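Dropping work-v6.pdb in here (PDB, C-alpha atoms and all ligand atoms):
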```pdb
MODEL        1
ATOM      1  CA  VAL A   3      -5.930 -20.413  -3.012  1.00  0.00           C
ATOM      2  CA  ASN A   4      -3.310 -18.265  -1.270  1.00  0.00           C
ATOM      3  CA  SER A   5      -1.836 -18.066   2.229  1.00  0.00           C
ATOM      4  CA  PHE A   6      -3.514 -14.841   3.390  1.00  0.00           C
ATOM      5  CA  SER A   7      -5.354 -15.630   6.629  1.00  0.00           C
ATOM      6  CA  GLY A   8      -7.950 -13.889   8.773  1.00  0.00           C
ATOM      7  CA  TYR A   9      -9.187 -11.367   6.192  1.00  0.00           C
ATOM      8  CA  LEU A  10     -12.741 -10.097   5.914  1.00  0.00           C
ATOM      9  CA  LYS A  11     -14.008 -10.235   2.314  1.00  0.00           C
ATOM     10  CA  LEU A  12     -15.408  -6.873   1.194  1.00  0.00           C
ATOM     11  CA  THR A  13     -16.022  -7.584  -2.509  1.00  0.00           C
ATOM     12  CA  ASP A  14     -15.172 -10.165  -5.143  1.00  0.00           C
ATOM     13  CA  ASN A  15     -11.540  -8.962  -5.118  1.00  0.00           C
ATOM     14  CA  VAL A  16     -10.940  -6.770  -2.011  1.00  0.00           C
ATOM     15  CA  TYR A  17     -10.091  -8.176   1.447  1.00  0.00           C
ATOM     16  CA  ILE A  18      -9.256  -6.330   4.688  1.00  0.00           C
ATOM     17  CA  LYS A  19      -7.609  -7.093   8.044  1.00  0.00           C
ATOM     18  CA  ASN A  20      -6.415  -5.282  11.170  1.00  0.00           C
ATOM     19  CA  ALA A  21      -2.711  -6.046  10.914  1.00  0.00           C
ATOM     20  CA  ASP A  22       0.813  -4.639  10.922  1.00  0.00           C
ATOM     21  CA  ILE A  23       1.870  -4.768   7.269  1.00  0.00           C
ATOM     22  CA  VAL A  24       5.490  -5.397   8.305  1.00  0.00           C
ATOM     23  CA  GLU A  25       4.532  -8.509  10.272  1.00  0.00           C
ATOM     24  CA  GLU A  26       2.071  -9.658   7.594  1.00  0.00           C
ATOM     25  CA  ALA A  27       4.738  -9.439   4.890  1.00  0.00           C
ATOM     26  CA  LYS A  28       7.323 -11.276   6.995  1.00  0.00           C
ATOM     27  CA  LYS A  29       4.811 -14.078   7.618  1.00  0.00           C
ATOM     28  CA  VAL A  30       3.280 -14.406   4.146  1.00  0.00           C
ATOM     29  CA  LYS A  31       6.247 -13.352   1.968  1.00  0.00           C
ATOM     30  CA  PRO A  32       3.835 -12.186  -0.749  1.00  0.00           C
ATOM     31  CA  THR A  33       4.820 -11.771  -4.360  1.00  0.00           C
ATOM     32  CA  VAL A  34       4.098  -8.032  -4.027  1.00  0.00           C
ATOM     33  CA  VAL A  35       3.993  -5.750  -0.984  1.00  0.00           C
ATOM     34  CA  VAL A  36       2.869  -2.175  -1.659  1.00  0.00           C
ATOM     35  CA  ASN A  37       4.756   0.716  -0.081  1.00  0.00           C
ATOM     36  CA  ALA A  38       3.124   4.070   0.683  1.00  0.00           C
ATOM     37  CA  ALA A  39       5.920   5.921  -1.115  1.00  0.00           C
ATOM     38  CA  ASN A  40       6.666   9.557  -1.869  1.00  0.00           C
ATOM     39  CA  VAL A  41       8.107  10.770  -5.184  1.00  0.00           C
ATOM     40  CA  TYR A  42      11.660  10.865  -3.764  1.00  0.00           C
ATOM     41  CA  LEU A  43      11.440   7.346  -2.287  1.00  0.00           C
ATOM     42  CA  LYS A  44      12.515   8.841   1.055  1.00  0.00           C
ATOM     43  CA  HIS A  45      11.155   6.216   3.441  1.00  0.00           C
ATOM     44  CA  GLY A  46      11.256   8.277   6.609  1.00  0.00           C
ATOM     45  CA  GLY A  47       7.959   7.622   8.362  1.00  0.00           C
ATOM     46  CA  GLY A  48       4.549   6.052   8.135  1.00  0.00           C
ATOM     47  CA  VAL A  49       4.259   2.702   6.392  1.00  0.00           C
ATOM     48  CA  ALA A  50       7.354   3.493   4.305  1.00  0.00           C
ATOM     49  CA  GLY A  51       9.474   4.125   7.386  1.00  0.00           C
ATOM     50  CA  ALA A  52       8.338   0.842   8.932  1.00  0.00           C
ATOM     51  CA  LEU A  53       8.905  -1.265   5.802  1.00  0.00           C
ATOM     52  CA  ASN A  54      12.347   0.247   5.302  1.00  0.00           C
ATOM     53  CA  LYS A  55      13.361  -0.261   8.951  1.00  0.00           C
ATOM     54  CA  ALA A  56      12.376  -3.928   8.604  1.00  0.00           C
ATOM     55  CA  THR A  57      14.825  -4.241   5.664  1.00  0.00           C
ATOM     56  CA  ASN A  58      17.679  -2.823   7.771  1.00  0.00           C
ATOM     57  CA  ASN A  59      17.739   0.242   5.423  1.00  0.00           C
ATOM     58  CA  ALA A  60      18.379  -1.900   2.313  1.00  0.00           C
ATOM     59  CA  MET A  61      15.146  -0.549   0.798  1.00  0.00           C
ATOM     60  CA  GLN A  62      16.460   3.012   1.187  1.00  0.00           C
ATOM     61  CA  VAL A  63      19.865   2.158  -0.330  1.00  0.00           C
ATOM     62  CA  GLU A  64      18.189   0.570  -3.361  1.00  0.00           C
ATOM     63  CA  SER A  65      15.759   3.486  -3.630  1.00  0.00           C
ATOM     64  CA  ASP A  66      18.525   6.104  -3.593  1.00  0.00           C
ATOM     65  CA  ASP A  67      20.200   4.373  -6.534  1.00  0.00           C
ATOM     66  CA  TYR A  68      16.840   4.227  -8.359  1.00  0.00           C
ATOM     67  CA  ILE A  69      16.292   7.982  -7.934  1.00  0.00           C
ATOM     68  CA  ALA A  70      19.871   8.837  -8.903  1.00  0.00           C
ATOM     69  CA  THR A  71      19.313   6.981 -12.188  1.00  0.00           C
ATOM     70  CA  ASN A  72      15.676   7.787 -12.981  1.00  0.00           C
ATOM     71  CA  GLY A  73      14.664  10.901 -11.061  1.00  0.00           C
ATOM     72  CA  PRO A  74      11.526  11.236  -8.948  1.00  0.00           C
ATOM     73  CA  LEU A  75       8.280   9.387  -9.485  1.00  0.00           C
ATOM     74  CA  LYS A  76       5.022  11.149 -10.361  1.00  0.00           C
ATOM     75  CA  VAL A  77       2.255  11.576  -7.807  1.00  0.00           C
ATOM     76  CA  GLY A  78      -0.094   8.754  -8.797  1.00  0.00           C
ATOM     77  CA  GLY A  79       2.813   6.733 -10.193  1.00  0.00           C
ATOM     78  CA  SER A  80       4.816   3.725  -9.080  1.00  0.00           C
ATOM     79  CA  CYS A  81       7.918   1.643  -9.568  1.00  0.00           C
ATOM     80  CA  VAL A  82       8.735  -2.011  -8.876  1.00  0.00           C
ATOM     81  CA  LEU A  83      11.822  -2.656  -6.744  1.00  0.00           C
ATOM     82  CA  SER A  84      13.022  -5.538  -4.591  1.00  0.00           C
ATOM     83  CA  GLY A  85      10.917  -6.769  -1.702  1.00  0.00           C
ATOM     84  CA  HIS A  86      14.109  -7.592   0.230  1.00  0.00           C
ATOM     85  CA  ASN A  87      13.316  -9.877   3.201  1.00  0.00           C
ATOM     86  CA  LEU A  88       9.605  -8.965   3.134  1.00  0.00           C
ATOM     87  CA  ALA A  89       8.303 -10.006  -0.311  1.00  0.00           C
ATOM     88  CA  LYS A  90       9.542 -10.896  -3.769  1.00  0.00           C
ATOM     89  CA  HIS A  91       8.840  -7.354  -5.004  1.00  0.00           C
ATOM     90  CA  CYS A  92       7.890  -4.018  -3.514  1.00  0.00           C
ATOM     91  CA  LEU A  93       5.517  -1.860  -5.557  1.00  0.00           C
ATOM     92  CA  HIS A  94       6.276   1.699  -4.424  1.00  0.00           C
ATOM     93  CA  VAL A  95       3.062   3.665  -5.085  1.00  0.00           C
ATOM     94  CA  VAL A  96       2.738   7.428  -4.587  1.00  0.00           C
ATOM     95  CA  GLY A  97      -0.684   8.504  -3.412  1.00  0.00           C
ATOM     96  CA  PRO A  98      -1.354  12.229  -3.031  1.00  0.00           C
ATOM     97  CA  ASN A  99      -0.237  13.706   0.305  1.00  0.00           C
ATOM     98  CA  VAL A 100      -3.050  16.051   1.363  1.00  0.00           C
ATOM     99  CA  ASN A 101      -0.636  17.712   3.795  1.00  0.00           C
ATOM    100  CA  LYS A 102       1.252  18.834   0.648  1.00  0.00           C
ATOM    101  CA  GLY A 103      -1.870  20.118  -1.126  1.00  0.00           C
ATOM    102  CA  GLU A 104      -1.827  17.324  -3.709  1.00  0.00           C
ATOM    103  CA  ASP A 105      -4.962  16.590  -5.723  1.00  0.00           C
ATOM    104  CA  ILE A 106      -7.010  13.835  -4.076  1.00  0.00           C
ATOM    105  CA  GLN A 107      -8.292  12.965  -7.559  1.00  0.00           C
ATOM    106  CA  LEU A 108      -4.859  11.418  -8.106  1.00  0.00           C
ATOM    107  CA  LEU A 109      -5.780   8.675  -5.624  1.00  0.00           C
ATOM    108  CA  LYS A 110      -7.586   6.714  -8.346  1.00  0.00           C
ATOM    109  CA  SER A 111      -4.521   6.900 -10.604  1.00  0.00           C
ATOM    110  CA  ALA A 112      -2.394   5.639  -7.699  1.00  0.00           C
ATOM    111  CA  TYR A 113      -4.645   2.603  -7.172  1.00  0.00           C
ATOM    112  CA  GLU A 114      -4.615   1.804 -10.919  1.00  0.00           C
ATOM    113  CA  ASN A 115      -1.000   0.685 -10.467  1.00  0.00           C
ATOM    114  CA  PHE A 116      -2.294  -2.282  -8.449  1.00  0.00           C
ATOM    115  CA  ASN A 117      -4.002  -3.696 -11.567  1.00  0.00           C
ATOM    116  CA  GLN A 118      -0.600  -4.621 -13.026  1.00  0.00           C
ATOM    117  CA  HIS A 119      -0.245  -7.326 -10.336  1.00  0.00           C
ATOM    118  CA  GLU A 120      -2.508 -10.330  -9.848  1.00  0.00           C
ATOM    119  CA  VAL A 121      -2.237 -10.369  -6.021  1.00  0.00           C
ATOM    120  CA  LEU A 122      -0.920  -7.726  -3.594  1.00  0.00           C
ATOM    121  CA  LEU A 123      -0.571  -6.974   0.101  1.00  0.00           C
ATOM    122  CA  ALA A 124      -1.227  -3.258   0.510  1.00  0.00           C
ATOM    123  CA  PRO A 125      -2.031  -0.337   2.826  1.00  0.00           C
ATOM    124  CA  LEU A 126      -4.788   2.159   2.155  1.00  0.00           C
ATOM    125  CA  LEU A 127      -3.167   4.725  -0.120  1.00  0.00           C
ATOM    126  CA  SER A 128      -2.943   8.297   1.176  1.00  0.00           C
ATOM    127  CA  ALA A 129      -4.068   7.207   4.672  1.00  0.00           C
ATOM    128  CA  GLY A 130      -2.157   7.838   7.889  1.00  0.00           C
ATOM    129  CA  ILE A 131       0.419  10.600   7.569  1.00  0.00           C
ATOM    130  CA  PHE A 132      -0.607  11.317   3.961  1.00  0.00           C
ATOM    131  CA  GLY A 133      -3.716  12.908   5.484  1.00  0.00           C
ATOM    132  CA  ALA A 134      -6.575  11.555   3.363  1.00  0.00           C
ATOM    133  CA  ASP A 135      -9.832  10.104   4.699  1.00  0.00           C
ATOM    134  CA  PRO A 136      -9.198   6.325   4.984  1.00  0.00           C
ATOM    135  CA  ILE A 137     -12.896   5.621   4.367  1.00  0.00           C
ATOM    136  CA  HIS A 138     -12.564   7.429   1.039  1.00  0.00           C
ATOM    137  CA  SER A 139      -9.339   5.577   0.249  1.00  0.00           C
ATOM    138  CA  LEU A 140     -11.072   2.226   0.787  1.00  0.00           C
ATOM    139  CA  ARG A 141     -13.932   3.286  -1.496  1.00  0.00           C
ATOM    140  CA  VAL A 142     -11.528   4.284  -4.280  1.00  0.00           C
ATOM    141  CA  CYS A 143      -9.622   1.023  -3.802  1.00  0.00           C
ATOM    142  CA  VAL A 144     -12.756  -1.105  -4.181  1.00  0.00           C
ATOM    143  CA  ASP A 145     -13.945   0.916  -7.193  1.00  0.00           C
ATOM    144  CA  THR A 146     -10.546   0.902  -8.975  1.00  0.00           C
ATOM    145  CA  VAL A 147      -8.581  -2.260  -8.198  1.00  0.00           C
ATOM    146  CA  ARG A 148      -9.722  -5.354 -10.100  1.00  0.00           C
ATOM    147  CA  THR A 149      -6.891  -7.666  -9.057  1.00  0.00           C
ATOM    148  CA  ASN A 150      -6.789  -9.423  -5.683  1.00  0.00           C
ATOM    149  CA  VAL A 151      -5.822  -6.996  -2.923  1.00  0.00           C
ATOM    150  CA  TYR A 152      -5.247  -7.850   0.743  1.00  0.00           C
ATOM    151  CA  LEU A 153      -5.462  -4.602   2.730  1.00  0.00           C
ATOM    152  CA  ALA A 154      -3.690  -4.281   6.085  1.00  0.00           C
ATOM    153  CA  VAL A 155      -4.925  -1.635   8.516  1.00  0.00           C
ATOM    154  CA  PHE A 156      -2.629  -1.019  11.481  1.00  0.00           C
ATOM    155  CA  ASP A 157      -5.075   0.846  13.744  1.00  0.00           C
ATOM    156  CA  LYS A 158      -7.720  -1.440  15.256  1.00  0.00           C
ATOM    157  CA  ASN A 159     -10.185   1.404  15.841  1.00  0.00           C
ATOM    158  CA  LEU A 160      -9.991   2.614  12.219  1.00  0.00           C
ATOM    159  CA  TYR A 161     -10.395  -0.928  10.888  1.00  0.00           C
ATOM    160  CA  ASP A 162     -13.646  -1.416  12.800  1.00  0.00           C
ATOM    161  CA  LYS A 163     -14.947   1.872  11.370  1.00  0.00           C
ATOM    162  CA  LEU A 164     -13.990   0.990   7.775  1.00  0.00           C
ATOM    163  CA  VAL A 165     -15.826  -2.333   8.073  1.00  0.00           C
ATOM    164  CA  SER A 166     -18.899  -0.986   9.857  1.00  0.00           C
ATOM    165  CA  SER A 167     -19.271   1.909   7.408  1.00  0.00           C
ATOM    166  CA  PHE A 168     -18.537  -0.096   4.256  1.00  0.00           C
ATOM    167  CA  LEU A 169     -21.242   0.120   1.637  1.00  0.00           C
TER     168      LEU A 169
HETATM  169  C1  LIG B 201       0.970   6.268   9.909  1.00  0.00           C
HETATM  170  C2  LIG B 201       0.687   5.920   8.505  1.00  0.00           C
HETATM  171  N1  LIG B 201       1.239   6.614   7.468  1.00  0.00           N
HETATM  172  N2  LIG B 201       0.754   6.015   6.344  1.00  0.00           N
HETATM  173  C3  LIG B 201       1.096   6.443   4.985  1.00  0.00           C
HETATM  174  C4  LIG B 201      -0.094   4.957   6.633  1.00  0.00           C
HETATM  175  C5  LIG B 201      -0.161   4.863   8.014  1.00  0.00           C
HETATM  176  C6  LIG B 201      -0.965   3.875   8.768  1.00  0.00           C
HETATM  177  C7  LIG B 201      -2.297   4.537   9.169  1.00  0.00           C
HETATM  178  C8  LIG B 201      -3.384   3.868   8.352  1.00  0.00           C
HETATM  179  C9  LIG B 201      -2.790   2.561   7.788  1.00  0.00           C
HETATM  180  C10 LIG B 201      -3.145   2.424   6.278  1.00  0.00           C
HETATM  181  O1  LIG B 201      -3.299   1.044   6.007  1.00  0.00           O
HETATM  182  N3  LIG B 201      -1.347   2.604   8.063  1.00  0.00           N
HETATM  183  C11 LIG B 201      -0.633   1.371   8.166  1.00  0.00           C
HETATM  184  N4  LIG B 201      -1.310   0.241   7.783  1.00  0.00           N
HETATM  185  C12 LIG B 201      -0.662  -0.959   7.875  1.00  0.00           C
HETATM  186  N5  LIG B 201       0.573  -1.197   8.310  1.00  0.00           N
HETATM  187  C13 LIG B 201       1.215  -0.078   8.691  1.00  0.00           C
HETATM  188  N6  LIG B 201       2.539  -0.093   9.186  1.00  0.00           N
HETATM  189  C14 LIG B 201       2.855   1.246   9.468  1.00  0.00           C
HETATM  190  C15 LIG B 201       1.783   2.070   9.166  1.00  0.00           C
HETATM  191  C16 LIG B 201       0.713   1.257   8.665  1.00  0.00           C
ENDMDL
END
```
Starting from the coordinates I provided, produce the structure as structure tokens.
Amino acid sequence: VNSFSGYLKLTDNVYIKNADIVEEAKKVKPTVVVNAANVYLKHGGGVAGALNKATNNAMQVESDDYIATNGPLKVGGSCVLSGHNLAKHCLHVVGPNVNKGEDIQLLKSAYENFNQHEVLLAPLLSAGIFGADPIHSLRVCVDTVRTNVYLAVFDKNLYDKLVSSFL
């Protein structure tokens, strides 16, 4: 039993809700919140911009030190950093950004990072400003993640379509 509330159950391990991931994290304080990161950990917009703003830019400060030490992530890769006031940890995961021409096949690799964590709050990778088809992202999520994932979808219209079209 966990404290996630109001989710629709899609499969044995995948759950979905129309929610603002910032507000969900603040309420639940999950062990792991997933960020829709880029390889530079520049949290300027999209989910990343919103999560960072909610930390009063502390996420960005920590991220800049991470990059200065380690260099950029790989597309499809991840790193674990602090969750600040939102979660114990933040798993920064880089899905391909179609608006950069990045291989959508890397979306499965991106979701594989979730399997290193027993329970996560997460957005649909490569959705929103990363330009991928959110229906496809949900399919890859369900077919790749085996741990318990609670998916937050900001846009109410898109959520209804993901549910209604889910196979
Ligand atoms: C814009 C945007 N850019 N990216 C990378 C994702 C999004 C939006 C669109 C689709 C949805 C994916 O779950 N997503 C969010 N979902 C939940 N909380 C959120 N807070 C802020 C954004 C957001």
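With the cut-off set to 7 Å and only C-alpha atoms and all ligand atoms counted, the residues surrounding ligand LIG 201 (chain B) are residues 21, 22, 23, 24, 38, 47, 48, 49, 50, 52, 125, 126, 127, 128, 129, 130, 131, 132, 153, 154, 155, 156 and 157 of chain A.
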How about saving the chosen residues, C-alpha atoms kept, as a PDB file, in the frame of the given file?
```
ATOM      1  CA  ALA A  21      -2.711  -6.046  10.914  1.00  0.00           C
ATOM      2  CA  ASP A  22       0.813  -4.639  10.922  1.00  0.00           C
ATOM      3  CA  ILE A  23       1.870  -4.768   7.269  1.00  0.00           C
ATOM      4  CA  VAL A  24       5.490  -5.397   8.305  1.00  0.00           C
ATOM      5  CA  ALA A  38       3.124   4.070   0.683  1.00  0.00           C
ATOM      6  CA  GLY A  47       7.959   7.622   8.362  1.00  0.00           C
ATOM      7  CA  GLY A  48       4.549   6.052   8.135  1.00  0.00           C
ATOM      8  CA  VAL A  49       4.259   2.702   6.392  1.00  0.00           C
ATOM      9  CA  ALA A  50       7.354   3.493   4.305  1.00  0.00           C
ATOM     10  CA  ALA A  52       8.338   0.842   8.932  1.00  0.00           C
ATOM     11  CA  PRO A 125      -2.031  -0.337   2.826  1.00  0.00           C
ATOM     12  CA  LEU A 126      -4.788   2.159   2.155  1.00  0.00           C
ATOM     13  CA  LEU A 127      -3.167   4.725  -0.120  1.00  0.00           C
ATOM     14  CA  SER A 128      -2.943   8.297   1.176  1.00  0.00           C
ATOM     15  CA  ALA A 129      -4.068   7.207   4.672  1.00  0.00           C
ATOM     16  CA  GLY A 130      -2.157   7.838   7.889  1.00  0.00           C
ATOM     17  CA  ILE A 131       0.419  10.600   7.569  1.00  0.00           C
ATOM     18  CA  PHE A 132      -0.607  11.317   3.961  1.00  0.00           C
ATOM     19  CA  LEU A 153      -5.462  -4.602   2.730  1.00  0.00           C
ATOM     20  CA  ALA A 154      -3.690  -4.281   6.085  1.00  0.00           C
ATOM     21  CA  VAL A 155      -4.925  -1.635   8.516  1.00  0.00           C
ATOM     22  CA  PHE A 156      -2.629  -1.019  11.481  1.00  0.00           C
ATOM     23  CA  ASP A 157      -5.075   0.846  13.744  1.00  0.00           C
TER      24      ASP A 157
END
```
(message) Quick check on the file I pasted: which residues fall under the PyMOL selection byres (((chain A and resi 63) around 12) and not hetatm)? Write them as a list in words.
(response) residues 43, 44, 45, 54, 55, 57, 58, 59, 60, 61, 62, 64, 65, 66, 67, 68, 69, 70, 83, 84 and 86 of chain A
Listed atoms of segment 163-166 of chain A boxed along x, y and z, 3 Å each side, centre and edge lengths in Å, one decimal, as lines of an AutoDock Vina configuration file:
```
center_x = -16.4
center_y = -0.2
center_z = 9.6
size_x = 10.9
size_y = 10.2
size_z = 9.6
```
(request) Just the residues within 7 Å of segment 10-16 of chain A, please, counting all atoms listed in the file, with nothing from its chain fewer than 3 positions along; format it as an MDAnalysis selection string. (result) chainID A and resid 19 144 148:152
(message) Once the PyMOL selection byres (((chain A and resi 123) around 6) and not hetatm) has been evaluated on this model, what residues remain selected, and can you format them as a list in words?
(response) residues 35, 122, 124 and 152 of chain A
(request) Using the chain letters and residue numbers of this document, give as a ChimeraX atom specification the residues selected by the PyMOL selection byres (((chain A and resi 97) around 6) and not hetatm). (result) /A:78,96,98,109,112,127-128
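Atom CA of residue 105 of chain A sits 12.3 Å away from atom CA of residue 76 of chain A.
Atom pair atom CA of residue 141 of chain A / atom CA of residue 26 of chain A has a distance of 22.5 Å (rounded to one decimal).
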(message) Considering only C-alpha atoms, can you say which of A:92, A:147, A:165, A:140 comes closest to residue 117 of chain A?
(response) A:147
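Reported to one decimal place, the separation of atom CA of residue 73 of chain A from atom CA of residue 56 of chain A is 24.7 Å.
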(request) Name the residues within 9 Å of (3.3, -5.7, -2.6), counting all atoms listed in the file in the file's coordinates, and put them as a PyMOL selection string. (result) chain A and resi 27+32-37+85+89-94+116+119+121-124
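Counting all atoms listed in the file, the residue from A:169, A:103, A:162, A:108 that sits nearest to residue 18 of chain A is A:162.
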